[PDB]
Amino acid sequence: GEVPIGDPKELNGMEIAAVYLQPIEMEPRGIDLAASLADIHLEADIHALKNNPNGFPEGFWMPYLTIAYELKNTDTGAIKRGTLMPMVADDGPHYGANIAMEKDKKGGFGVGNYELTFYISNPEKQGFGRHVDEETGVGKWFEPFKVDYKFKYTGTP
């Protein structure tokens, strides 16, 4: 059910990919946009690479990230921004948001060419700690960064 968004990027010890699927229903209620109001569920799939410098085992989900997105229709110039929220689905933990496309009451988010940007800040922003002792410590976290994708939105799946 998942449509790839552009090509994944490897950086800061992480594999960072984007996909969209049909709208999902999330609990708790009142956080994620309700499925009937949305056209897609956008997901950031973020996992540790080999030799992750912050101690995360290869393939582990990267938790406690702060992630904002910007979605730009490059045909219309229409831009929207939001946050992705941490949650779990059948395919495990990720960061996600239901997003109105055709249903965006502002308009301009229908079928077309898009640029997607993630803006990502490290887990310390949320108070997640790291050992820094000689025996068990790990390296410094990345500074906030962005990653960019280009994709064609072909309509609510």
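Numbers for residues come from their place in the sequence shown, where the first is 1.
- Return whichever of 122 to 130 and 44 to 52 has the greater mean Cα B factor according to the PDB record. Higher mean C-alpha B-factor: 122 to 130.
- Message: Regarding 131 to 139 and 10 to 18, which shows the higher C-alpha temperature factor on average in the entry?
- Response: On average, C-alpha B-factors are higher across 131 to 139.
- Which of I99, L116, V111, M62 ranks first by CA B-factor in the deposited coordinates: Among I99, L116, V111, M62, the PDB entry lists the largest C-alpha B-factor for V111.
- By its CA B factor, does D91 count among the lowest, middle or highest third of the modelled residues in the chain? According to the entry, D91 has a C-alpha B-factor in the chain's middle third.
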